[PDB]
Every structure is written in structure tokens, then in C-alpha cells.
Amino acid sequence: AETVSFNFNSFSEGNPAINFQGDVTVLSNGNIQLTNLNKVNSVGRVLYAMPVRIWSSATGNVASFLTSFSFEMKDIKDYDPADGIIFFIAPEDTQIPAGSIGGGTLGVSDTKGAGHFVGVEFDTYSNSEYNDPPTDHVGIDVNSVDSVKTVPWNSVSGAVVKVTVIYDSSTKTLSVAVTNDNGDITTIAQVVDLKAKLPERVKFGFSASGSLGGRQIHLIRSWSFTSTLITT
């Protein structure tokens, strides 16, 4: 079997295993701050440097994975807490969209909200142009920020949130479990054929964005991942 696994309790700038793109910054406490609070239409993204092979054209197998991470979003004075964080999977050549308006595109799509990626979003702002639900929410995105499926959620300022994601190759099911600060959990699952939406080699990472009037702190505190592809 082909297995890739890593664990980050703290991040550091200069670690060859991580790729920073945009306004990403590494705080003294090891946390990653994705956006710059003083920039208009800010966008920051962090990726695992090494491309992971999620499927083989030789065998036809797709890999399974288990990943968990914790994040924190916090309100800043005078600005609307926006726009949110997104865990995504994209081709190995992925770069922040050219002329990115930040904001509701979460730093992964164009102005229409289209792009080439698959991901789970923790959206803290209702963008009517992308058909966002009227409340904070978690959603499964397949090549667009106009979510395929969403579920009501609640973002608490200064709260450490924990997430666990499981992808089962056989059923092609992607399920997420979000453990809120108060103990409550929120789940969402959707069938996504990674083999038909993405290429053999891909990169995993997080992205966040803001606008002119919408800004807040987007922190990534830890991240562990394991994937296994049956090579036979």
C-alpha cells in the first residue's frame, strides 16, 4: 500500500514541507495567520509541499484518507467578520486566482465562483451571488463556491474549533464532523468522485480571504493527515 502521513503541532516559516502563498504569516506561537488585517481583498493559502497521489490510472484505485485540524476565527474592531476558511484539494500547479477579489471566493475561485478544486468551507458570510445560505454554514464545494450541499453552523469568535474528515474510496463518500466549543457536533457528508474531478497528483491545504470591509483573524493551529492507496 502507498501511505502518506504527517503531523503538525506547530508551524514554522522555513520548513520545506509547507508552501505559503499570499498574505500567509507564521506567528511566534507557531500558528498560521492566513490573511493580512491591513490589506484590501487579502488572500492567504498554505499547502503541504509534497503532491499526494490520490488515484492511479494504471489500477484505477482511489485512495482513502483521514485528516483532522483545529482552527480559530476572531473578530477585530470595526470590520465585519468575513469571509471564512476552506480546506481544499487541487491540482499540483494550484495558485491563487489571477486578479483575485478575495472576499466570498475564499481565495480559490474566480469572480463567478468557479474554479478547479474540491473542498469543505467554514463560511462566515452570506454571499447572495454564490447562493449562500442566510447563516454561517459548513459546505461541500466541487469546483465552485456555490456549494453542492450545506448545513447551518455557528462561528464563535475566539473559539478553538476541531474538525475530522474521512473519505472512503469505495463509496466515494466524504464526511465531516465539526466539534464546536460548547461540545456540540455538526456533520455533513456528500458523495464526490475524486477520480473524475481531479488529476492523479494533487495538493492539500487551507485558504482564507477578506474584502475591504470584511476582515477577521483566520488561524490554523494544527493538522494531521494520513492517506492510503492500494497499489494492487
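All residue numbers refer to positions in the sequence shown, first residue = 1.
Novice: Could you check the entry and say whether 56 to 64 or 172 to 180 has the higher mean CA B-factor?
Specialist: Per the PDB entry, the higher value belongs to 56 to 64.
Novice: Going by the B-factors listed in the PDB entry, is the mean over the C-alpha atoms higher for 223 to 231 or for 4 to 12?
Specialist: That would be 4 to 12.
Novice: Which of these has the highest Cα B-factor in the record: 187, 42, 190, 33?
Specialist: When the deposited C-alpha B-factors of 187, 42, 190, 33 are compared, 33 is largest.
Novice: Can you tell me which of 74, 149, 112, 162 has the maximum CA B-factor listed in the PDB entry?
Specialist: Top of the list by C-alpha B-factor: 112.
Novice: Among the modelled residues of this chain, does the Cα B factor of residue 194 put it in the lowest, middle or highest third?
Specialist: As the PDB entry reports it, the C-alpha B-factor of residue 194 lands in the middle third of its chain.
Novice: Looking at the entry's B-factor column for C-alpha atoms only, identify whether residue 136 ranks in the lowest, middle or highest third of its chain.
Specialist: It belongs to the middle third of the chain when residues are ordered by C-alpha B-factor.
Novice: By its CA B factor, does residue 27 count among the lowest, middle or highest third of the modelled residues in the chain?
Specialist: It falls in the bottom third of the chain.
Novice: When the modelled residues of the chain are sorted by Cα temperature factor, does residue 125 land in the lowest, middle or highest third?
Specialist: It falls in the middle third of the chain.
Novice: Can you tell me which third, lowest, middle or highest, the CA B-factor of residue 88 falls into for its chain?
Specialist: It belongs to the lowest third of the chain when residues are ordered by C-alpha B-factor.
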